[PDB]
Each structure stands twice: as C-alpha cells, then as structure tokens.
Amino acid sequence: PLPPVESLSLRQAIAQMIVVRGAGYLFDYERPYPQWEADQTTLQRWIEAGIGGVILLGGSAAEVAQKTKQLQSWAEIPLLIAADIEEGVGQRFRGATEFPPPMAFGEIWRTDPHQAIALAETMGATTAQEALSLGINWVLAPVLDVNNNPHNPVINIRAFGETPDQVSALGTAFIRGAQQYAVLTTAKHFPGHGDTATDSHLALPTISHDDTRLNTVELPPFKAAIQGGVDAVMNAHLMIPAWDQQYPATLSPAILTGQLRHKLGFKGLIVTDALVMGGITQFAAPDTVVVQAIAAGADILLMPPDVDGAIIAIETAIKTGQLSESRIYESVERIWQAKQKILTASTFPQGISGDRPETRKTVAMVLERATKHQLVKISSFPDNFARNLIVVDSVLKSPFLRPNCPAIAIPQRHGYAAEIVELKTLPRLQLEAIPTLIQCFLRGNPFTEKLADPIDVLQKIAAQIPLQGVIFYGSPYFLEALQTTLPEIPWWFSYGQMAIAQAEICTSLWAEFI
Amino acid sequence: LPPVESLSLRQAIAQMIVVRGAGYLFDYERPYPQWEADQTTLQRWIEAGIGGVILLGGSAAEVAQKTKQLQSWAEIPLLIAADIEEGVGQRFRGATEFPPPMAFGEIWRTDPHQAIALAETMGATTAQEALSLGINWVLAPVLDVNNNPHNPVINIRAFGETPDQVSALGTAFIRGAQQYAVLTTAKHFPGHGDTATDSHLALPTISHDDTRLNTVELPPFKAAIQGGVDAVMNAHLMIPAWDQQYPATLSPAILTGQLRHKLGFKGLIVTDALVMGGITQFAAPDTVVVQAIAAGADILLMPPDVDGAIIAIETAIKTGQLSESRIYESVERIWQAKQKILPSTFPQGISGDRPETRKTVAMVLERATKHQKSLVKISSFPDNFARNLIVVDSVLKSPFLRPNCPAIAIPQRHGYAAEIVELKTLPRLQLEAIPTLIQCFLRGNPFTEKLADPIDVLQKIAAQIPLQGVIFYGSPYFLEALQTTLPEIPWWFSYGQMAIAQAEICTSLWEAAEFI
Ligand SMILES: CC(=O)N[C@@H]1[C@@H](O)[C@H](O)[C@@H](CO)O[C@H]1O
Ligand SMILES: CC(=O)N[C@@H]1[C@@H](O)[C@H](O)[C@@H](CO)O[C@H]1O
C-alpha cells in the first residue's frame, strides 16, 4: 500500500521527485556507463532514502526481471521504474519483442489510416504488457515529436511522422493500447523536438517558430495525448524564444506552467528530460538546474547529475524561501496519483510474447507495408566471389548484426560474402572490383550530431565498383538523394534494422555452429 | 533414479544422445537454427528419453530459465552441458568470466604455487556458478598441450605448452570443481595440441608414434583420470600409429584399447560434436553413429540427425553388428554420473561482485601480462586528434567490445578516437596520418582456418604512420615476430579480452558525455 502523503519527512518527499539511473545488469562490474549508472550500494542507499524511481538501460529481459525484483525489495514506497522503449521492450532488452520504429507506422497511416491506428494500438498494448512482466511500470513513450526536418539527427525515425494529424492519431493509438495495462505512459518531448538539425544531448537547440505555428504543428499531438489521458509529459531542453527568451523549456515557468500545466491543462507528471544532457548542463550548474526546474513546475527530476547534493539544494531553497514545502508536496500528490495507477496490476517469462505467432506476424506486416522499393531481382555468384558490404553507424551500436543473421547469411547463399565496416571508415577503404551488394544500417538516435551521408561515398563507389544494388535500413530521408544521384543501381529500403526486417528485404532480392 | 532395466531399448539408446540447444528462451532468438533444436523438437526428444542437452548463448538469467524448463520435461534428469572453459561467464554473461587457461600457465612458469591455487579457484568458482544456472556438466578442462604455436583451434584454450604444466593446472581445475556435484570433462583425447588443422573444418592428421603420444599428449589425461575426471571427450583425429583406418572418434583401438583399457578410464567416453566437418567428411551420419558406439563411446554429442541415429542403432542391434547388452553398459556409466549430479538457485551461487572473485580475475590478468620494456608511457593528445585502431577477428564474434568499454573509453580520454575494423579489411585500408594506437584482439578458437597473422600488415602501417604502440589481446604467439620486426614500437600483451583486461593494459599505457 501507499502511505498517506503528509506522513513523509520533507526529505522523503523531495526524494520522490527524483528518478535515478541504473543498468539492467545485476552486478556493478557489468555496467557500461559507471559514470551515469549507480552501483548497488549507492542504489540501495537511495531507495532506502526514499528515491522516487529508477530508469534502467541494458540487460536481457530475464535480467531486468531480476533487477526490478531486487530494486522493489529495497523500497518502502513502490518505485516508478522506467525505461525508454519506443520500438517495444525488445529495443532495450534482448528477449522481449522489438517493434519496427514508429515512422514505419507513419507510412501505413498515409496509405491506410484505420489500419495504421490499429497496429500502433497493439504496438502499445504489447509494449505495455511485456514491460509489466519485466517489472517495468513506466513506459517513456510515445514520442509525439513531429519530424519536419529531414536533417533532424536525434528524432528521425523515432517519430510517427511529419504531420501533426498523422502523429496525433498514431500516438494516441499507442497510448490507447498501453492504457489496457497499468503502466504510466509518457508524451515527449514537449513542446516537440520535431524541428531542429541539432541534438539536445550534444548542445542547446533553438526552435524559432512563433506561438501561432507552435499551436499549428508541434502542439496537437500533445493536446491529443493529454485529452487522451497520457500520464506524464517529458519536456525537452530547447530554447523557445516565442514563449521564453531567457530559459530553456526545462527551466521556464512560462513553458512548463504557462503553456503546458495551465493552458493545455495537463494534470499529470511534468518530467524534465535527462538532466545530465549536454544541452542543459551547459546552461546552468546542477543545483541551479534542479531548483529552477521545480520552480518552473516540473514534478520529476530525471537523472540529476548530483543526487545527494540536489536534495540538499532543494532543502536549502526551501529554508531560504526560494521554494516552499507546500510546493514539494503538490508534486508528491501527483506522484501518488500515478503510483496509484501502477499499483493495481505479470511474472517473467509469463507475459512475454516470444514465439507467439500473432505477434511475430504483426511485426512482419508493419515492415512489409512500410517498405519501399523501385520490382527488380539481382545476380547470384559462386562462393566468396562477391562482397556483401555491410555499412553501420557504429559497430558497438549494431546489436542487430549477429552471426548468421539474415542480412549476412542470405547474401552468402548467393555468393556474396560479408564485410562489415563503419560508415566513417568507408571512404578510406580500397575495394577489390567485384560484384558488390551494399547494405547501410543508418538512422538517427540520441548522441547523433548529424545524420549519415552515404550518398557521396556511394557515388564514389558506384564509379569504382560494379554495384548490384544498395539496401537502406533505418532512415528513409536519403533515398530521395539516392534515386537522383544514382538512378542506374536499384535500391531497397526498410525501417527495421532487425533480423526479420533483414530477412524480408534480402529474400526479395532473389556450417559454423559456435 | 529408476532401475536401469526399467528403460525400453529405445530409451536406453536415447540416453547416449546429447543434443544442442540455445539458452535464449525463444526460437526466433537462435543464432544457429540448423544446429539448435527449436523448443518443440527439444520437448519431443526429451520426452523420448534423450540423455542430455548442450546449451550455447543467452545471459546467465536467461539460461536458468531454460534449464528449469528442460528438466521439467524429463523423467530421467538430463545432463545439461555448456563449454565453460573460461568460466560460466564466457558463455552466458552475468556469470563470472575468467582469463583463458594459458594465462594460468603463464603464471606457472615463474610461480607455480600461486598459479595452481588460482586454477583451483577457477575450477571451484566455475562449478559453483554452473550449478547455479542448472548446468551440471562442465566440459572442461581442456587438457590439450599446445606444442604447435600455429594451432588455430586450441591456442590459448590450453593451460600451456608442456605436459607437466597442463597436468598441474588441469588437475587443479578439476579438484576445484570437485567441491561441487558436477561432471568435469577432459578434452580432447588424445589431445588436439599439435596440429595446425582445426577439426571443425577438416580431419587433422597426426604423425606421432606411440612413444611421443605417451610422452607429451597423454600424461595430462592420466593425471585427470587418477584425479577422477567424470568424462573424457575425444578429438576427431587420424592417428595412423594407433588406427590405420579410422579417426579416434570411430576407432575401437583408440577409444577402447588406449582409453578404456590401457588408461583404465571408467567414466563417460564422449565423442566430439558429431556435426563437425572433420567427422562428417569421413562417413555418412548413420555409419558414424554406429561405428562410434562400436569403438566404445558412451555419449554421442550432437549427432547431425537425431531421429535417424536412434533408428540406425536399433537396426544394427537387429543385424547384431551392435549388441543390446552393449547399450546398457553405457547406460550403466550414464547412471553412475547422474547419480552424482543429484543445488542452489540463481542469482544465489553467482559470484558477481564478490571481491575475492573479482580480485582473482584481476590478479591472473595482471600476473600473466607481458610488455616490451620495463615500463613505458604513451603520448597524449587533444580531443579526437589521434586514432585508436581496434582490430578484431570478426566483429560479430567480439562481445568483449561494447559501447564505452575501456579499450575505447580510456584512449579516448587521451585523445585517440575509436576506429574498429576486421583484420581482413585492414590491409586494404589507407590510414589517415595522425599518431595512432593499434589494439588487436586476435585469438585461436573453434572454426579457425589459420591463426590471424598481423605482423606483415602492421609492419606496412608502421612505415606509413606515426605509430605510438601495439597492444595484443589473446594469442601470445606473434610477439616474438613483433619484437624482431618492429623493435622500436612499444607493445603490450594480455591473455584476456574482457573489460577488465582492456582496463588494465590501457590504464598502464599512460599512468564521457554519452549515457545511451
Ligand atoms: C530528445 C531525447 O533524446 N530524449 C531522450 C528521452 O526520451 C529519454 O527518456 C531521456 C534519457 O533516458 O532523455 C533523452 O535521452
Ligand atoms: C576441438 C574442439 O574445440 N572441439 C569442440 C569441443 O571443445 C566442444 O566441447 C564440443 C561441443 O561443443 O565440440 C567442439 O566444438
């Protein structure tokens, strides 16, 4: 059960407003990012001190099930446990179901809205159901950003489309689908990251548009989701000069309170986007940030750089009259209302879809319909006489490439043998001139300063080398420039980078056990 | 367990079979569908009375789920095996990963007493964590003596280059694991140590006489037999001196004569995986299986066709080419082992952060390490000014490389930006000229045609580039060539490829805003 609010000490109350960051992996030494991800002693200590929630990245699903069990066992007040699963729990945690990125659904809506809505619906339902089963009760999604800028490095295919109505529908469908289970759902990133070429992880972006446009494009998904009863809204770190010329949205009273809590009438959790992000740490000190953000009306501080001193800063702000105890508890009340929703509810593996056919088919359907082509069928050759050239953003970021994955195995049956290189390395690579297939896995994500421009390196290569064809996985936006730069060579494209998206494409083109 | 005679001849036969499966809970997750039984097949074969399963892949948590699942379908408890040579964590992450056996041999050169005590800790921690996950059959230690520095498949998987060295370390590992109820397996009799040919690809030819075999190859295996190793796995090797017509796997002279009789091994005699090209190029799947049992094997590991093996056996019993009493002899020995294996529940039993365990791993890596000069430091540069060139065998085969791993992160802080490339791509890559650090993780393993040989391509790069240093992880065998061919470039070497090994070496060369 949940204890009455006023029974908390001012410190326990403040602590609730803080969400820290762990790893899915059980042990300290497995942590990929020890700078940002607390160890067990620090995590237990925080939870026993009343920390409000934990956001987890990394680990197999079976592990997260084990982590969240452990984490919850240290908590007197049940923890909000969040993970960013946009593409489905499978995106974050191997062993759960990964869906194709939202922009894939975007396609289907253009052509067939009634069906697109319904897929997003079960996209949300399944995401919501598997999450509960891993012990994750807070889904930070849907992304409601309207992507108007082909060059947007951070949002890109994470988005349901380029127009507000497309995004409105497909985003509320997802919320509707998840609403079938008890998990918080999160609209992000207010008031939309849609238009920039700049990534707020790297630096502070500025969207120039005025209030008229802002209500015309950026806002409606958000309006829709709030009327929808989305549980939480995560703002981005952005300069919105038409609303505030001083502060980024994270720190602005006019934005978080004036525009959002008041004008749009959002009664849920206003959540700062991660507070360790380059965009914001560059703007102000970690303590200025926490206090100013609460001032601005944020209910939840997501991943503050210094947690121990942040609580202390808020305590000191409260004594110096810069904030008041009542303010803190208004935030607790909202936190209670959401912790109330999550307490009503799955034991791993039970609830994971797995080999369940109905799910596998839904994933395959979405890929198929969202696909884009020129039909053409390419050449076959004898063993290792040809080259399957796989080009990826980073190799440490390419989990979708695994031994015997369709993108490798299939072109191999046909004589092309795989070479895997990073797009940044390619230009400096001297290729044997032999029939060659190029598959680029490239898309936008967090920590992408600018998108991939394979077109130049490719044209150089079409002249140097006998291209059979080029497959693009991930971002669509470079097709326009591909058809224009190289009409000669046929191309195929899919939104999915995953094994089953690979299988579909590669098939259409036509011994090791350990 | 039920009396041995309660089993139908079909179930007796079935106990002699161990099939391959993946740790991942679901079918679509299997990286090797051809060899790895889907969940339906696995359930059918188990209910038919199959002897055991061998698992590959999955995190440790994933695997505990799997094994619980598999034992539930079995009336006779299954042997469940994985090849955890390097610690359960080699296979299923989340469990403990030890540096490879050779690193223990390295220590043994200068300080045998420690090296033996460390090896025993490796054995005990490995048995302990295995039990935790539901893995009762540890296929290890490898007893091969690696004489041949060019040996592709064994390489650093061996505890060393001499019989006395392997016997000591190998038996320690055994005595360590003997603190828990698990089967230990010696591999791969009569030792895969000296060949340049990987038996996964082709049938190795072994020209050594009987005397040489007893001098080098065998003595480790005897030490383990007197030490009580529960099972002995045999290699597919043509040893004419022993059998003119058959590989070790299919030869009664070798398995029955040399192993069972001459060495008096009373445990499980296990074939090497029967899907390997070394054996399959030799005979049809059904001949292979019956000739295997003929020669005295108690366990048929991963027969290429399972259902067809059982038929083929039943038939040969009819024609009396095999014998029914001969099937129950092997079931006797399987009964003896299963008697033993009859734990604790995951995450309990997993060492995790236990500082004794973490220090053991760290000490091994640290005492096994090699560097050209007493101590040397590398220059530092401004951000993204220099090059960190990571060279690996295969990118899909390199799980020790993850985002922000020390090998990437540490040089990064000193201004060397990451570039990852496969050794096969390297000689064709024209390098930008900035001071460069090269780290190649290259080692012997299953499915290796030839040992990766960087010496030539490095030498070419060395003349064209301001090379700061070369670091090798894995196989030691090219260091002499490095030292001779590039005496002016400082080098560092470590047996381990994992985070902790990168961390150690890289830190020593000198003295991120990214969260997702
Ligand atoms: C614009 C953007 O990348 N937003 C993400 C947000 O979805 C996520 O929840 C959090 C980190 O977990 O902050 C950012 O990394
Ligand atoms: C020479 C060699 O490496 N043989 C390995 C053996 O180590 C392994 O235990 C077994 C089943 O996995 O068969 C082969 O893959």
# chains A, B, ... in the order shown; residues from 1 in each chain; ligands from 1
call {"tool": "interface_residues", "arguments": {"of": "chain B", "to": "chain A", "cutoff": "6 Å", "atoms": "only C-alpha atoms", "output": "number ranges by chain"}}
result
B: 26, 61-62, 352, 396, 402-403, 428-430
call {"tool": "write_last_selection", "arguments": {"atoms": "N, CA, C and O atoms", "output": "PDB file, in the first residue's frame"}}
result
ATOM      1  N   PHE B  26      13.451 -18.274 -26.666  1.00  0.00           N
ATOM      2  CA  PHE B  26      12.572 -18.383 -27.816  1.00  0.00           C
ATOM      3  C   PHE B  26      13.266 -18.788 -29.111  1.00  0.00           C
ATOM      4  O   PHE B  26      14.462 -18.583 -29.275  1.00  0.00           O
ATOM      5  N   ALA B  61      20.848 -15.358 -16.563  1.00  0.00           N
ATOM      6  CA  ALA B  61      19.464 -15.416 -16.114  1.00  0.00           C
ATOM      7  C   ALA B  61      18.632 -16.147 -17.138  1.00  0.00           C
ATOM      8  O   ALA B  61      17.777 -16.959 -16.791  1.00  0.00           O
ATOM      9  N   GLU B  62      18.873 -15.835 -18.408  1.00  0.00           N
ATOM     10  CA  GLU B  62      18.152 -16.483 -19.479  1.00  0.00           C
ATOM     11  C   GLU B  62      18.355 -17.988 -19.328  1.00  0.00           C
ATOM     12  O   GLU B  62      17.406 -18.751 -19.422  1.00  0.00           O
ATOM     13  N   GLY B 352      29.265 -12.731  -8.883  1.00  0.00           N
ATOM     14  CA  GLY B 352      29.025 -11.326  -9.136  1.00  0.00           C
ATOM     15  C   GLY B 352      30.215 -10.475  -8.724  1.00  0.00           C
ATOM     16  O   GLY B 352      31.343 -10.723  -9.134  1.00  0.00           O
ATOM     17  N   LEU B 396      31.271  -9.716 -35.313  1.00  0.00           N
ATOM     18  CA  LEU B 396      30.123 -10.403 -34.725  1.00  0.00           C
ATOM     19  C   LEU B 396      30.559 -11.304 -33.578  1.00  0.00           C
ATOM     20  O   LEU B 396      29.770 -11.654 -32.701  1.00  0.00           O
ATOM     21  N   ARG B 402      31.976  -3.433 -26.273  1.00  0.00           N
ATOM     22  CA  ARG B 402      30.647  -2.860 -26.125  1.00  0.00           C
ATOM     23  C   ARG B 402      30.792  -1.349 -26.112  1.00  0.00           C
ATOM     24  O   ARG B 402      31.906  -0.836 -26.129  1.00  0.00           O
ATOM     25  N   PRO B 403      29.672  -0.621 -26.063  1.00  0.00           N
ATOM     26  CA  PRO B 403      29.841   0.828 -26.072  1.00  0.00           C
ATOM     27  C   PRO B 403      30.519   1.278 -24.790  1.00  0.00           C
ATOM     28  O   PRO B 403      30.192   0.780 -23.716  1.00  0.00           O
ATOM     29  N   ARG B 428      43.667  -3.355 -46.704  1.00  0.00           N
ATOM     30  CA  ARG B 428      43.107  -2.581 -47.805  1.00  0.00           C
ATOM     31  C   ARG B 428      42.671  -1.208 -47.384  1.00  0.00           C
ATOM     32  O   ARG B 428      42.051  -0.497 -48.138  1.00  0.00           O
ATOM     33  N   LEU B 429      42.934  -0.868 -46.142  1.00  0.00           N
ATOM     34  CA  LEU B 429      42.505   0.417 -45.591  1.00  0.00           C
ATOM     35  C   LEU B 429      43.652   1.422 -45.559  1.00  0.00           C
ATOM     36  O   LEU B 429      44.635   1.212 -44.850  1.00  0.00           O
ATOM     37  N   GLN B 430      43.532   2.513 -46.310  1.00  0.00           N
ATOM     38  CA  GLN B 430      44.594   3.513 -46.318  1.00  0.00           C
ATOM     39  C   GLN B 430      44.388   4.465 -45.147  1.00  0.00           C
ATOM     40  O   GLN B 430      43.370   5.146 -45.043  1.00  0.00           O
TER      41      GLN B 430
END
call {"tool": "residues_near_ligand", "arguments": {"ligand": "ligand 1", "cutoff": "10 Å", "atoms": "only C-alpha atoms and all ligand atoms", "output": "PyMOL selection string"}}
result
(chain A and resi 21+55-57+82-86+139-143+145+153-155+158+186-190+192-194+199-201+234-238+271-277+302-303+445-448) or (chain B and resi 514-516)
call {"tool": "select_by_dssp", "arguments": {"residues": "range 426-490 of chain A", "states": "alpha helix (DSSP H)", "output": "list in words"}}
result
residues 454, 455, 456, 457, 458, 459, 460, 461, 462, 463, 464, 479, 480, 481, 482, 483, 484 and 485 of chain A
call {"tool": "residues_near_ligand", "arguments": {"ligand": "ligand 2", "cutoff": "9 Å", "atoms": "only C-alpha atoms and all ligand atoms", "output": "count of residues only"}}
result
40
call {"tool": "residues_around", "arguments": {"residues": "residue 122 in chain A", "least_positions_apart": "3", "cutoff": "12 Å", "atoms": "only C-alpha atoms", "output": "JSON, numbers by chain"}}
result
{"A": [88, 99, 105, 115, 116, 117, 118, 119, 125, 126, 127, 128, 129, 130, 170, 171, 172, 173, 174, 175, 176, 177, 178, 179, 180, 181, 358, 359, 361, 362, 363, 366]}
call {"tool": "write_last_selection", "arguments": {"atoms": "N, CA, C and O atoms", "output": "compact mmCIF listing (two decimals), in the first residue's frame"}}
result
# COMPACT_ATOMS: atom_id res chain seq x y z
N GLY A 88 9.44 -0.85 -28.59
CA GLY A 88 8.97 -2.02 -27.89
C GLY A 88 10.02 -2.48 -26.88
O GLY A 88 11.20 -2.16 -27.02
N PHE A 99 9.51 -3.96 -31.79
CA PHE A 99 8.72 -3.45 -32.92
C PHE A 99 9.54 -2.56 -33.84
O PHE A 99 10.55 -2.00 -33.42
N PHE A 105 5.21 2.90 -38.91
CA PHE A 105 3.77 3.07 -38.78
C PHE A 105 3.32 4.32 -39.51
O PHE A 105 2.22 4.35 -40.09
N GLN A 115 -6.00 1.14 -40.40
CA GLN A 115 -5.15 0.01 -40.08
C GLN A 115 -3.91 0.43 -39.34
O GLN A 115 -3.47 -0.26 -38.42
N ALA A 116 -3.33 1.55 -39.75
CA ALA A 116 -2.16 2.07 -39.08
C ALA A 116 -2.48 2.31 -37.60
O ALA A 116 -1.76 1.84 -36.72
N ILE A 117 -3.59 2.99 -37.32
CA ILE A 117 -4.03 3.21 -35.95
C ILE A 117 -4.09 1.92 -35.15
O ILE A 117 -3.70 1.89 -33.98
N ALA A 118 -4.59 0.85 -35.76
CA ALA A 118 -4.82 -0.39 -35.02
C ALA A 118 -3.53 -1.16 -34.72
O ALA A 118 -3.46 -1.87 -33.72
N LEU A 119 -2.54 -1.02 -35.59
CA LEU A 119 -1.23 -1.63 -35.35
C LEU A 119 -0.52 -0.92 -34.21
O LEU A 119 -0.03 -1.54 -33.26
N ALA A 125 -0.13 -1.87 -26.71
CA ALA A 125 -0.61 -2.91 -25.82
C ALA A 125 0.50 -3.91 -25.45
O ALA A 125 0.71 -4.24 -24.28
N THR A 126 1.23 -4.37 -26.45
CA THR A 126 2.29 -5.34 -26.23
C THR A 126 3.48 -4.76 -25.49
O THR A 126 4.08 -5.41 -24.62
N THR A 127 3.83 -3.53 -25.84
CA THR A 127 4.88 -2.85 -25.14
C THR A 127 4.47 -2.78 -23.67
O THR A 127 5.23 -3.14 -22.78
N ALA A 128 3.23 -2.35 -23.43
CA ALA A 128 2.76 -2.18 -22.07
C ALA A 128 2.72 -3.51 -21.31
O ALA A 128 3.03 -3.57 -20.13
N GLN A 129 2.34 -4.57 -21.99
CA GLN A 129 2.22 -5.86 -21.32
C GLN A 129 3.55 -6.52 -20.99
O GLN A 129 3.72 -7.05 -19.89
N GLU A 130 4.48 -6.53 -21.93
CA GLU A 130 5.80 -7.07 -21.66
C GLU A 130 6.53 -6.28 -20.56
O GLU A 130 7.12 -6.88 -19.66
N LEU A 170 -1.61 8.29 -34.52
CA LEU A 170 -0.77 7.14 -34.24
C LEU A 170 -0.23 7.15 -32.81
O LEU A 170 -0.01 6.10 -32.21
N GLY A 171 -0.04 8.35 -32.25
CA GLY A 171 0.43 8.49 -30.88
C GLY A 171 -0.63 8.20 -29.82
O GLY A 171 -0.35 7.55 -28.82
N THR A 172 -1.85 8.68 -30.05
CA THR A 172 -2.97 8.40 -29.15
C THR A 172 -3.38 6.94 -29.24
O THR A 172 -3.95 6.38 -28.28
N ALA A 173 -3.13 6.32 -30.39
CA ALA A 173 -3.42 4.90 -30.57
C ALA A 173 -2.50 4.11 -29.65
O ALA A 173 -2.93 3.20 -28.93
N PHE A 174 -1.22 4.48 -29.66
CA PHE A 174 -0.25 3.82 -28.82
C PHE A 174 -0.64 3.97 -27.35
O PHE A 174 -0.65 2.99 -26.60
N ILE A 175 -0.95 5.20 -26.95
CA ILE A 175 -1.40 5.45 -25.59
C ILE A 175 -2.64 4.59 -25.28
O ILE A 175 -2.71 3.94 -24.23
N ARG A 176 -3.60 4.55 -26.21
CA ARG A 176 -4.79 3.74 -26.01
C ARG A 176 -4.42 2.28 -25.77
O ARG A 176 -4.97 1.61 -24.89
N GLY A 177 -3.48 1.78 -26.57
CA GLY A 177 -3.07 0.39 -26.48
C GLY A 177 -2.41 0.09 -25.15
O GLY A 177 -2.74 -0.90 -24.50
N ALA A 178 -1.48 0.94 -24.74
CA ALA A 178 -0.84 0.75 -23.46
C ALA A 178 -1.84 0.91 -22.31
O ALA A 178 -1.71 0.26 -21.27
N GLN A 179 -2.85 1.75 -22.49
CA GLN A 179 -3.80 2.02 -21.41
C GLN A 179 -4.53 0.75 -20.96
O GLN A 179 -5.20 0.75 -19.92
N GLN A 180 -4.42 -0.32 -21.74
CA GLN A 180 -5.06 -1.59 -21.37
C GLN A 180 -4.36 -2.27 -20.19
O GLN A 180 -4.88 -3.24 -19.63
N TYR A 181 -3.18 -1.77 -19.82
CA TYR A 181 -2.40 -2.34 -18.72
C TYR A 181 -2.00 -1.23 -17.75
O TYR A 181 -2.08 -0.05 -18.09
N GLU A 358 0.94 -14.64 -33.53
CA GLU A 358 0.15 -13.43 -33.75
C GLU A 358 1.01 -12.17 -33.66
O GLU A 358 0.87 -11.26 -34.47
N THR A 359 1.91 -12.14 -32.68
CA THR A 359 2.88 -11.06 -32.54
C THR A 359 3.92 -10.99 -33.65
O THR A 359 4.12 -9.95 -34.27
N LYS A 361 3.78 -12.04 -36.60
CA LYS A 361 3.11 -11.62 -37.83
C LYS A 361 2.86 -10.11 -37.88
O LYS A 361 3.08 -9.47 -38.91
N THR A 362 2.41 -9.54 -36.76
CA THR A 362 2.18 -8.11 -36.65
C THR A 362 3.45 -7.30 -36.92
O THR A 362 3.42 -6.31 -37.65
N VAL A 363 4.55 -7.71 -36.33
CA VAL A 363 5.84 -7.11 -36.66
C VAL A 363 6.18 -7.23 -38.15
O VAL A 363 6.63 -6.27 -38.78
N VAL A 366 3.86 -4.86 -40.48
CA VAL A 366 4.32 -3.48 -40.42
C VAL A 366 5.56 -3.25 -41.30
O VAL A 366 5.61 -2.30 -42.07
call {"tool": "atom_distance", "arguments": {"atom1": "CA of residue 330 in chain A", "atom2": "CA of residue 286 in chain A"}}
result
22.6 Å
call {"tool": "atom_distance", "arguments": {"atom1": "CA of residue 289 in chain B", "atom2": "CA of residue 322 in chain B"}}
result
11.2 Å
call {"tool": "closest_residue", "arguments": {"among": "A:216, A:206, A:412, A:475", "to": "residue 244 in chain A", "atoms": "only C-alpha atoms"}}
result
A:206
call {"tool": "select_by_dssp", "arguments": {"residues": "range 64-282 of chain B", "states": "strand (DSSP E or B)", "output": "PyMOL selection string"}}
result
chain B and resi 79-82+93+95+137-138+142+183-189+205+231-234+238+268-271
